[PDB]
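Novice: Data file work-v9.json (JSON, C-alpha atoms) is appended below.
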```
[["chain", "number", "residue", "atom", "x", "y", "z"],
["A", 1, "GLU", "CA", 33.17, 82.02, 149.09],
["A", 2, "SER", "CA", 34.93, 78.78, 148.18],
["A", 3, "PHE", "CA", 34.24, 76.79, 145.02],
["A", 4, "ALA", "CA", 34.57, 73.01, 145.01],
["A", 5, "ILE", "CA", 36.64, 71.68, 142.12],
["A", 6, "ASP", "CA", 35.17, 68.17, 142.51],
["A", 7, "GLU", "CA", 31.65, 69.50, 141.95],
["A", 8, "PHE", "CA", 32.63, 71.60, 138.92],
["A", 9, "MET", "CA", 34.31, 68.56, 137.34],
["A", 10, "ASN", "CA", 31.60, 66.03, 138.33],
["A", 11, "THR", "CA", 30.28, 65.60, 134.81],
["A", 12, "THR", "CA", 30.50, 63.25, 131.86],
["A", 13, "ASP", "CA", 30.89, 66.31, 129.62],
["A", 14, "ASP", "CA", 34.21, 67.49, 128.28],
["A", 15, "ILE", "CA", 35.57, 70.53, 130.12],
["A", 16, "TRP", "CA", 37.22, 72.71, 127.49],
["A", 17, "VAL", "CA", 39.64, 75.59, 128.02],
["A", 18, "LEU", "CA", 37.72, 78.51, 126.53],
["A", 19, "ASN", "CA", 40.18, 81.26, 127.50],
["A", 20, "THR", "CA", 43.61, 81.29, 129.07],
["A", 21, "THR", "CA", 46.29, 83.79, 130.07],
["A", 22, "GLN", "CA", 49.00, 81.18, 129.47],
["A", 23, "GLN", "CA", 51.43, 82.30, 126.78],
["A", 24, "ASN", "CA", 51.46, 80.02, 123.72],
["A", 25, "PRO", "CA", 49.03, 77.38, 125.05],
["A", 26, "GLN", "CA", 48.35, 74.01, 123.49],
["A", 27, "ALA", "CA", 45.45, 73.55, 121.09],
["A", 28, "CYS", "CA", 42.14, 71.83, 121.88],
["A", 29, "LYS", "CA", 42.86, 71.64, 125.61],
["A", 30, "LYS", "CA", 40.20, 69.77, 127.57],
["A", 31, "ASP", "CA", 39.67, 67.53, 130.58],
["A", 32, "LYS", "CA", 37.42, 64.47, 130.87],
["A", 33, "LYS", "CA", 36.53, 63.36, 134.38],
["A", 34, "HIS", "CA", 37.06, 59.64, 135.03],
["A", 35, "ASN", "CA", 36.41, 59.32, 138.76],
["A", 36, "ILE", "CA", 35.95, 61.46, 141.87],
["A", 37, "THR", "CA", 36.91, 60.12, 145.30],
["A", 38, "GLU", "CA", 37.35, 61.67, 148.73],
["A", 39, "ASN", "CA", 41.10, 62.02, 148.13],
["A", 40, "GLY", "CA", 41.09, 63.45, 144.61],
["A", 41, "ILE", "CA", 39.87, 63.25, 141.04],
["A", 42, "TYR", "CA", 41.09, 61.03, 138.20],
["A", 43, "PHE", "CA", 40.70, 62.63, 134.78],
["A", 44, "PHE", "CA", 42.12, 62.63, 131.25],
["A", 45, "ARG", "CA", 43.88, 65.77, 130.03],
["A", 46, "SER", "CA", 44.11, 66.16, 126.26],
["A", 47, "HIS", "CA", 45.35, 68.58, 123.62],
["A", 48, "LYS", "CA", 45.96, 68.60, 119.87],
["A", 49, "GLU", "CA", 49.38, 68.73, 118.24],
["A", 50, "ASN", "CA", 49.26, 68.91, 114.41],
["A", 51, "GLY", "CA", 45.98, 67.02, 114.11],
["A", 52, "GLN", "CA", 46.77, 64.27, 116.63],
["A", 53, "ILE", "CA", 45.29, 64.11, 120.13],
["A", 54, "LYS", "CA", 47.70, 63.62, 123.03],
["A", 55, "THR", "CA", 46.08, 62.44, 126.26],
["A", 56, "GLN", "CA", 47.40, 61.74, 129.75],
["A", 57, "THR", "CA", 45.76, 60.15, 132.79],
["A", 58, "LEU", "CA", 46.12, 62.43, 135.81],
["A", 59, "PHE", "CA", 45.12, 62.27, 139.48],
["A", 60, "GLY", "CA", 44.56, 65.60, 141.19],
["A", 61, "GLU", "CA", 44.84, 65.14, 144.95],
["A", 62, "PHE", "CA", 42.81, 67.49, 147.13],
["A", 63, "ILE", "CA", 45.27, 69.50, 149.22],
["A", 64, "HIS", "CA", 44.67, 71.91, 152.08],
["A", 65, "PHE", "CA", 47.02, 74.40, 153.73],
["A", 66, "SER", "CA", 45.34, 73.95, 157.12],
["A", 67, "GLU", "CA", 43.21, 71.46, 159.04],
["A", 68, "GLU", "CA", 40.13, 73.72, 158.93],
["A", 69, "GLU", "CA", 39.94, 73.56, 155.12],
["A", 70, "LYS", "CA", 37.41, 71.03, 153.84],
["A", 71, "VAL", "CA", 36.25, 72.57, 150.54],
["A", 72, "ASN", "CA", 37.98, 70.72, 147.69],
["A", 73, "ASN", "CA", 39.00, 73.83, 145.77],
["A", 74, "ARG", "CA", 42.64, 72.89, 145.09],
["A", 75, "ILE", "CA", 44.39, 69.87, 143.58],
["A", 76, "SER", "CA", 48.03, 68.84, 143.34],
["A", 77, "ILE", "CA", 49.06, 67.04, 140.15],
["A", 78, "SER", "CA", 52.13, 64.82, 139.69],
["A", 79, "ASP", "CA", 53.91, 63.89, 136.45],
["A", 80, "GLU", "CA", 52.02, 66.52, 134.46],
["A", 81, "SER", "CA", 53.63, 66.86, 131.04],
["A", 82, "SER", "CA", 53.75, 70.68, 131.07],
["A", 83, "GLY", "CA", 55.00, 70.84, 134.67],
["A", 84, "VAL", "CA", 51.63, 71.93, 136.05],
["A", 85, "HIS", "CA", 51.69, 70.99, 139.73],
["A", 86, "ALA", "CA", 48.66, 72.76, 141.24],
["A", 87, "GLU", "CA", 45.24, 74.02, 140.19],
["A", 88, "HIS", "CA", 42.91, 76.19, 142.27],
["A", 89, "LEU", "CA", 39.28, 76.91, 141.38],
["A", 90, "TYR", "CA", 38.54, 80.42, 142.65],
["A", 91, "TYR", "CA", 35.19, 80.98, 140.90],
["A", 92, "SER", "CA", 32.45, 78.91, 139.29],
["A", 93, "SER", "CA", 28.89, 79.57, 138.19],
["A", 94, "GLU", "CA", 26.07, 78.11, 140.26],
["A", 95, "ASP", "CA", 25.18, 75.61, 137.51],
["A", 96, "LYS", "CA", 28.86, 74.51, 137.39],
["A", 97, "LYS", "CA", 29.04, 74.96, 133.60],
["A", 98, "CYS", "CA", 31.88, 77.51, 133.71],
["A", 99, "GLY", "CA", 34.76, 78.15, 136.08],
["A", 100, "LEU", "CA", 37.97, 80.09, 136.56],
["A", 101, "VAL", "CA", 41.04, 78.03, 137.47],
["A", 102, "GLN", "CA", 44.36, 79.48, 138.58],
["A", 103, "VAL", "CA", 47.09, 77.14, 137.32],
["A", 104, "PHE", "CA", 50.53, 76.82, 138.92],
["A", 105, "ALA", "CA", 53.30, 75.09, 136.97],
["A", 106, "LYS", "CA", 56.76, 73.96, 138.04],
["A", 107, "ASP", "CA", 58.52, 76.51, 135.80],
["A", 108, "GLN", "CA", 56.96, 79.24, 138.02],
["A", 109, "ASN", "CA", 54.47, 80.15, 135.30],
["A", 110, "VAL", "CA", 51.08, 81.08, 136.75],
["A", 111, "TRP", "CA", 48.04, 81.69, 134.56],
["A", 112, "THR", "CA", 44.24, 81.50, 134.56],
["A", 113, "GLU", "CA", 42.01, 79.26, 132.46],
["A", 114, "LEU", "CA", 38.32, 79.90, 131.81],
["A", 115, "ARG", "CA", 36.88, 76.40, 131.53],
["A", 116, "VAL", "CA", 33.42, 75.37, 130.36],
["A", 117, "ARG", "CA", 31.37, 72.20, 130.31],
["A", 118, "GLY", "CA", 30.82, 70.99, 126.75],
["A", 119, "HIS", "CA", 32.51, 72.49, 123.71],
["A", 120, "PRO", "CA", 32.48, 76.31, 123.56],
["A", 121, "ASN", "CA", 29.66, 77.84, 121.52],
["A", 122, "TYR", "CA", 29.06, 81.28, 120.02],
["A", 123, "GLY", "CA", 26.13, 81.84, 122.41],
["A", 124, "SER", "CA", 26.17, 83.80, 125.68],
["A", 125, "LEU", "CA", 28.63, 82.71, 128.36],
["A", 126, "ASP", "CA", 27.47, 83.07, 131.96],
["A", 127, "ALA", "CA", 27.75, 86.73, 132.90],
["A", 128, "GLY", "CA", 29.41, 86.04, 136.25],
["A", 129, "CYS", "CA", 32.14, 83.89, 134.70],
["A", 130, "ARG", "CA", 32.66, 86.45, 131.94],
["A", 131, "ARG", "CA", 33.00, 89.47, 134.23],
["A", 132, "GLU", "CA", 35.28, 87.51, 136.57],
["A", 133, "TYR", "CA", 37.63, 86.50, 133.75],
["A", 134, "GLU", "CA", 37.50, 90.10, 132.51],
["A", 135, "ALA", "CA", 38.45, 91.33, 135.99],
["A", 136, "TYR", "CA", 41.39, 88.92, 136.14],
["A", 137, "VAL", "CA", 42.80, 89.75, 132.71],
["A", 138, "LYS", "CA", 42.34, 93.44, 133.54],
["A", 139, "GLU", "CA", 44.30, 92.91, 136.79],
["A", 140, "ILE", "CA", 47.34, 91.36, 135.07],
["A", 141, "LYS", "CA", 50.48, 93.42, 135.73],
["A", 142, "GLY", "CA", 51.64, 94.24, 132.22],
["A", 143, "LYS", "CA", 51.10, 92.36, 128.94],
["A", 144, "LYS", "CA", 47.90, 90.33, 129.25],
["A", 145, "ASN", "CA", 48.09, 87.46, 126.74],
["A", 146, "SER", "CA", 44.58, 85.99, 126.62],
["A", 147, "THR", "CA", 43.94, 83.48, 123.83],
["A", 148, "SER", "CA", 41.44, 80.71, 123.10],
["A", 149, "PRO", "CA", 42.87, 77.17, 122.80],
["A", 150, "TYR", "CA", 39.59, 75.89, 121.31],
["A", 151, "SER", "CA", 38.67, 75.82, 117.64],
["A", 152, "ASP", "CA", 35.59, 74.46, 115.90],
["A", 153, "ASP", "CA", 37.88, 71.81, 114.35],
["A", 154, "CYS", "CA", 38.56, 70.26, 117.78],
["A", 155, "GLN", "CA", 36.88, 66.90, 118.41]]
```
Translate this file's structure into structure tokens.

Specialist:
Amino acid sequence: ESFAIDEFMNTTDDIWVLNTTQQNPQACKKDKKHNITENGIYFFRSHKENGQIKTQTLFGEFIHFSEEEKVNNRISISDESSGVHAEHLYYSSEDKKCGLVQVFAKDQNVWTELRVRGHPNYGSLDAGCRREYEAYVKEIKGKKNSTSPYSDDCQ
């Protein structure tokens, strides 16, 4: 099954990074969708350094490794501040409120982010998303560094 990244991000809600296997990730990481076209998605990527919010306008272009691919499950990003050049959504819940994104950066760092619509709460995360992220972090070859970039002090 393929999971469309333009449907998962087609919301006016903030998409927060709940969990990530990136080592030493930024704080209060989130995306805000600005526009979705047939060629890609314009959004605003933010994080918090020492109380201040840094934001950048990004355009993720839908890319396909063949001509038979039409599901928009992968985006290429240019001029990303952390060197992230590609993102691939490999799982998302049916209500599109949580997803697992494999992130490829230019420094050859590859990690996984568990993203959620709206700010993370202490309730019950979708069981499918949870078991999928558990399976991934269990499948990491040595030293799984899973942290949460979100805090209740993030606005």

Novice: Using all atoms listed in the file, can you tell me which of A:53, A:100, A:86, A:71 comes closest to residue 28 in chain A?

Specialist: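 Nearest to residue 28 in chain A: A:53.
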
Novice: With 9 Å as the threshold, what does the neighbourhood of (36.9, 74.9, 126.6) contain in terms of residues, counting all atoms listed in the file? Coordinates are those of the file; answer as a count of residues only.

Specialist: 21

Novice: Considering all atoms listed in the file, state which residue in the set A:92, A:146, A:151, A:52 is at the smallest distance from residue 21 in chain A.

Specialist: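 Of all the options, A:146 lies closest to residue 21 in chain A.
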
Novice: Counting only C-alpha atoms, select every polymer residue within 7 Å of (36.9, 70.4, 146.7) as defined in the file's coordinates, and provide the selection as a ChimeraX atom specification.

Specialist: /A:4-6,62,71-74

Novice: Check the smallest atom-to-atom distance from each of A:24, A:9, A:51, A:123 to residue 147 in chain A using all atoms listed in the file, then report the winner.

Specialist: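 Counting all atoms listed in the file, the residue closest to residue 147 in chain A is A:24.
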
Novice: Pick the closest to residue 80 in chain A from A:64, A:45, A:93, A:108: which is it, counting only C-alpha atoms?

Specialist: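 Selected residue with least distance to residue 80 in chain A: A:45.
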
Novice: To one decimal place in Å, what is the distance between CA of residue 79 in chain A and CA of residue 60 in chain A?

Specialist: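 Computing it gives 10.6 Å between the two atoms.
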
Novice: What does the structure give for the distance between CA of residue 48 in chain A and CA of residue 12 in chain A, in Å to one decimal?

Specialist: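 That distance, rounded to one decimal, is 20.3 Å.
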
Novice: Could you check how far CA of residue 95 in chain A sits from CA of residue 122 in chain A, in Å to one decimal?

Specialist: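 Interatomic distance here is 18.8 Å.
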
Novice: Go through A:82, A:26, A:54, A:20 one by one, measure the shortest atom-to-atom distance of each to residue 112 in chain A using all atoms listed in the file, and give the residue with the smallest value.

Specialist: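 Under the stated criterion, the closest residue is A:20.
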